[PDB]
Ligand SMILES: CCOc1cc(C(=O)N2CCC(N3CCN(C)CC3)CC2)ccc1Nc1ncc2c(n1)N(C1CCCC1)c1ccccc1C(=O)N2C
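Take a look at this single chain in structure tokens; it is the form deposited without the named molecule.
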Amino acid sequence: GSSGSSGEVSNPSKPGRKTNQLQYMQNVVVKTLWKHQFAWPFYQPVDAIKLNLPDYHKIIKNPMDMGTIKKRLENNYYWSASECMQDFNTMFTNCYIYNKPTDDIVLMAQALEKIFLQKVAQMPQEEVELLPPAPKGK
């Protein structure tokens, strides 16, 4: 399969359900990285048409951005937070490949990544199912 995609947001073939580990990712890790002063260029995927990058996918092996990481956490794409961690790694790494090591977007990714590592370091190492939600009332 040739390159031409930005990943997916749900998956029926891959196993997955809502867990405490994925909850910590979407409730504290993503939550704090999204509140950051440099979160804004990661809120959406790179539109190579709008950015005028005719070679974007020639350098980028695996395009990944925070706006797509949260969109699979909002679903049952996976079972464990180690997959969300590898997506965060893939976002920061693909940014470092394409750009100069002194460009603003690299310094932004370096400042987000240090917080990401401090946050997942405080995530549990064991995994558990969540409690059931409250009922609707509309």
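In case it trips you up, residue 1 is the first one in the sequence shown, and so on.
Not pictured, yet referred to below: the form solved in complex with the named molecule.
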Ligand-site obstruction classification: the named molecule, superposed in the deposited bound form, backbone or C-beta within 2.4 Å
open
Single option in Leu73, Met66, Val46, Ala81 placed near the named molecule in the deposited bound form, where near means a heavy atom within 4.5 Å:
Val46
Position in contact with the named molecule when the complex is considered in the deposited bound form, options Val28, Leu53, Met85, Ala111, heavy atoms within 4.5 Å:
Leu53
Check whether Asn89 has any heavy atom within 4.5 Å of a heavy atom of the named molecule in the deposited bound form, and answer yes or no.
no
Indicate whether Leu33 is a 4.5 Å heavy atom neighbour of the named molecule in the deposited bound form.
no
Is there any non-hydrogen atom of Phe42 lying within 4.5 Å of the named molecule in the deposited bound form?
yes
